[PDB]
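As written, the chain order gives the labels A, B, C, D, E, F and G, with residue 1 at the start of each chain.
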Amino acid sequence: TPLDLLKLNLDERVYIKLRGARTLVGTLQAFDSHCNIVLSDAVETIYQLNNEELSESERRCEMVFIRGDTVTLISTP
Amino acid sequence: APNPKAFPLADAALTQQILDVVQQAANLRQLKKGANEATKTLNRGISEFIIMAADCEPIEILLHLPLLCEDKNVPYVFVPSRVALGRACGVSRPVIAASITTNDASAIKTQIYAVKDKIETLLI
Amino acid sequence: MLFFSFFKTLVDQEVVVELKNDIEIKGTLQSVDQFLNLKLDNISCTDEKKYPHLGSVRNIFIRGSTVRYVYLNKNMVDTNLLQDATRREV
Amino acid sequence: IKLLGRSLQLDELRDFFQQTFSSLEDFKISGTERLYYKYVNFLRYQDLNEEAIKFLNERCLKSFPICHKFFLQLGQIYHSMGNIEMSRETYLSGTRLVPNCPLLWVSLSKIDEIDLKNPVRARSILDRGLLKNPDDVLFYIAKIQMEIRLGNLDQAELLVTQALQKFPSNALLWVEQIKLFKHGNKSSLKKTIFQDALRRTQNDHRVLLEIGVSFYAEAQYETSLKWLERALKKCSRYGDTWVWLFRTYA
Amino acid sequence: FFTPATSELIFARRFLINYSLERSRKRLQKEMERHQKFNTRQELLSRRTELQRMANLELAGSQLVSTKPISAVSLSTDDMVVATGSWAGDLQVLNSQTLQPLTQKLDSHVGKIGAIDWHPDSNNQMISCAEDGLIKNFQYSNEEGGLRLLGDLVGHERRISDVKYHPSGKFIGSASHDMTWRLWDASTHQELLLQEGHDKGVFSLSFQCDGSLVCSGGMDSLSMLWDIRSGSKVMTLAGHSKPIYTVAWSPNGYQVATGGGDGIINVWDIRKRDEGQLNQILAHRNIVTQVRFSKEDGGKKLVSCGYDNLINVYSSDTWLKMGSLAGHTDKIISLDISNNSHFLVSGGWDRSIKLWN
Amino acid sequence: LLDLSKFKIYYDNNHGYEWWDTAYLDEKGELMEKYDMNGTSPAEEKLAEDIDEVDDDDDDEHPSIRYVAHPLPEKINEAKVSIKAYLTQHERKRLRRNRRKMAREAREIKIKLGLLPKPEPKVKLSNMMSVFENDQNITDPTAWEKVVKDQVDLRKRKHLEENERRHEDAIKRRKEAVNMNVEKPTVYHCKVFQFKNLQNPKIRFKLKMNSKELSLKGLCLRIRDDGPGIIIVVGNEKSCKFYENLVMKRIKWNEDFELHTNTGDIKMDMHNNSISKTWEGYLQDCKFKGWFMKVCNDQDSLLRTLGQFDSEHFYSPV
Amino acid sequence: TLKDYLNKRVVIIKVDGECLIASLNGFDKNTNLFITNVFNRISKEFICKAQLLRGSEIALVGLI
């Protein structure tokens, strides 16, 4: 049922949160029983606390595969 | 509106293409303008393809050229505008008939061939 | 089986693989299996510090769990077929 | 062989051939080998006795060479001794085996048109041949020739034009065109046409010769002679030119 | 929308409806019978054999004809002689199998010959059109000489493309580079219809062999299936992109098949109410000139020729290039199939007619 | 079980009662019967609405036999390509003469009813010796030389600089321009090819990159990697032509090549492989959203894939 | 699969940090590596003549 519910937002923009404070934004093009995700037109935003101050690191990747072990939340922006 | 006996009339894009080809030939001396010159070309065999003007009045002065083409198996169109054709040729004066001639070693051989093919498609 | 299939379909592919412990390695994918492991031919450089202490290692075997991503381009991967497959499954 | 022929010593020649044959068994995978010799042998046989050839052809041509010339020779032999149907069959077989040889096709066409009086079949055959290989101008030339041979000239002209369009440089097409012109349908656009031919064929040996011939036909003889001379200069090794020159002289 | 009337048409229309209906019913019955008695194996095998035969056709005899190219090649109903219009305005006829002429007739048309059709009543009074801008019926005699014209029929203004005979024999449809397609009264030689239903000319007609429906292929790519009786249409232009230079039905009214400038033969109008194509076929590299079928008399086999130098043949269930026919040197503008057998007669820009056996 | 399956397959092979190498012929009867029932008339859909009815001498009322229709002729939306009107050589010359003349006049005015710039003497290394407007010309010979040579360099450099600028600006334009041009395509040329094999990387690469370059809507499908396959290419005509050329002239599909793998570099001798153009037409609409090269395990799968664009037909079994 | 990697020296990196040079002599479906002649990559420190490495730990393996 939850899996089914995620079939609606396929081929449209999504907001995905991973472990390690790694925000991933793109469009949902794939998932399965273990929730392995493939994003197109994507862009990564890496939160990383270093030297006792906040600092984001942007990795621009026009496509990306994501394993289900890392995944926490999927939504729309 | 254009003449019925002027057939095959090109379409717009096709016409444009043909005029471009003509222009190219004019620059490369691989074209001959003028009914009589077209006729000459046909006689020779050098005509690759014949371009006439639909808006020739009195149309009759062309309507041997098509016959000649048929009897020599050279494709042919009419375009609509004799002014346009003339311009393409490189002549301010309005022109009715032109002939893109043959020459194996043209830069524009391929382009010419394309146009020829297109013309043939029209004929039926 | 969908994802495995997809992986298989990417046989012979120069792709970057970021692992859990700050290891980013490029390589030409060869073999693919049920648990999504990657054997890459011709290991090349991606970054200077993140890329691990290797040199003469031309063939590797990546453990499927330790991969964070498999960095494809927009010209290296399937999408709405995958979606279709997902739909078909429950 | 040539020397022997010149001298005329049949038995001796035969003996020589026999001698050659024994030696020949070592020559496996030799360039322009038996295929040449065997043709010559066939020719020699024909010079006297016809039937005796055929067995050899059946045997030897089948094994190593598998070459068009042999088929042609066979056809010729058949023609010489009547048997037209058989010849035709042979030609067909050859065609099936070797599509890429215009000569066979031409022969077949000739058989169709000349021997039996049904040109249509011949034409069809020619067309088929052409289809089988649009690389060669030779087929086109053959077709043109065939057309010329029968009454239909406009068709021939059309064919020639087509050939030119496809391959402009091929001197034989130009020659054919010239010949057609000489018929006297136009009797005009003649000099211009000749000039065009010259241009395209870079004053091709053969084109010049053709022109000369045309002029000969028209009976302007000095000009013809000049043309022939030019042709000779371009390449003396070629034949018919010499003959033409001789005729002019006469 | 814009609906006047005429009396002759009315008189004929009822007749057409009757004739069409009875024949249609008969056809349906036949079809029913066929399904009832068929089997997977033998029929299939037969079909395969037919396909093979079609494939292994080769060019038998190419007989030249005319100065200009050969617009139309039409085999008689009898299937014995073929009629070959060339662009000069001449329509020689040839004893099909040998392919030798009977007569010439240059003084018939002055313009480019369009299509020739033979009359479906065996009594051979073939029709032919032209750019000339008039159709001519020709009472054909084998003995008397060649052709004598019967009547000329001036209806269209512009150059004509194609005439057909309505399978009754009482009507002759003609379509032209003018906007209309016009159905004639065979006897009196006077018009009735004029469907102004295309933005450019009606380049081709085709009657359905039952006699109910005529597809007008337009230069617009608007193939309109006209119930002649009704003056009402069951159309799809959504076939073609370039002009529809031909259209022809599988005699089994089951199908229409439109051949194009785009080259894609579209075979549609089906039992299927959605009207979707069982297939579109890729016919010729350049354009398609003619499309034919031949289930009168034998089995249904699509055959088409193009401006590509190839005829080819398609299975009427699958729709596939079952075999190319190299044979022409140049363009092929027309074609017919032997009703009974495997024996195609096709012509064109090579300026010859050609047989395939 | 596997063995049994294999046996069954073999049996099927020898004589299939219906097989999908060549899509099945056989017409089903049940469907026909159903259709007939639906019709209820002994005639067909077309005729059914005359529905066993007769008036006067056979006539009908629901669809009338009196009137002649003249329906609305749907005028297609033709794309107004504003014509490249060309010029005569003479015309061109006149244009050039006049604009340039005007410019010259402006310069003169903006330097004689203006004095907004000044006009100096264009020295060179052949003038050098003869100019005296600028000082030092014999006085300081090498200084003078430097000045004149320097001037020349500047002139040349300026020219080169200008060229560079032009190059830059054009480049800037082009990127923007491409993005801007999302024009509505009126008609699409298409070409569908098929090849016996493509185990070469190089060919595949060519197919990819070229397609990417040429906005070429289409695909390249194939069976079992080594097996035969189809290309469908669609777009503007020139692009299509180019693609065709690449396929047929540039590439040799009868070349011997190497496969690079971990186990060993495999030589692939393929004299048997060939390539043929099947189609070369115009498609009513191009349903191919991009260039979706693929492989399939089986023929049915391939067919299905093809029909994702509502168009199977491009394939040709031989 | 690690069938090509048997009877050959391999560079094996863990999830935690370390990297091992040693001869791979056995594998299973759960990626438990049976290893002989163990050494460290950076340190060049001989741990032992034979060991078992649990599949949960293996981040990377490399043929050399």
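Note that in this section a residue touches a chain if its C-beta (ideal position, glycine included) is under 8 Å from a C-beta of that chain, and two chains touch if they have at least 3 such contacts.
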At minimum, the number of touching-chain hops separating chain C from chain D is 3
Every chain in contact with both chain B and chain G is listed here as none
Comparing each chain's Cα average against the average over all protein Cα atoms, the nearest is chain F
By number of contacting C-beta pairs, the most connected chains are E-F
In whole angstrom, the CA-centroid distance of chain B from chain C equals 59
The distance between the C-alpha centres of chain D and chain E, rounded to whole Å, is 44
Averaging C-alpha coordinates per chain, one finds the centres of chain F and chain G separated by a number of Å equal to 52
CA centroids of chain E and chain F: separation to the nearest Å works out as 36
Check: chain G positions touching at least 2 other chains come out as 4
Residue numbers in chain E touching two or more further chains are 67, 261, 286, 330
Touching pairs here come out as A-C, B-D, B-E, B-F, C-F, C-G, D-E, E-F
Per the touch rule above, chain D residues touching chain B in the complex are 154, 158, 161-162, 164-165, 168-169, 189, 192-193, 196
In the complex, the residues of chain E that touch chain F are 1-6, 9-10, 13-15, 17-18, 20-21, 24-25, 28-29, 31-32, 35-36, 38, 40-41, 43-44, 47, 179, 193-199, 212-213, 220, 222, 225, 227, 229-234, 237-242, 253, 261-264, 271, 273, 279-282, 285-286, 315, 317-321
Interface with chain E, chain B side, in the complex: residues 4, 7, 70-71, 73, 117, 120-121, 124
So, in the complex, the side of chain A touching chain C is made of residues 3-4, 7, 10-11, 29-34, 36, 38, 40-41, 61-67, 69-70
In the complex, the residues of chain F that touch chain B are 78-81, 83-91, 237, 241
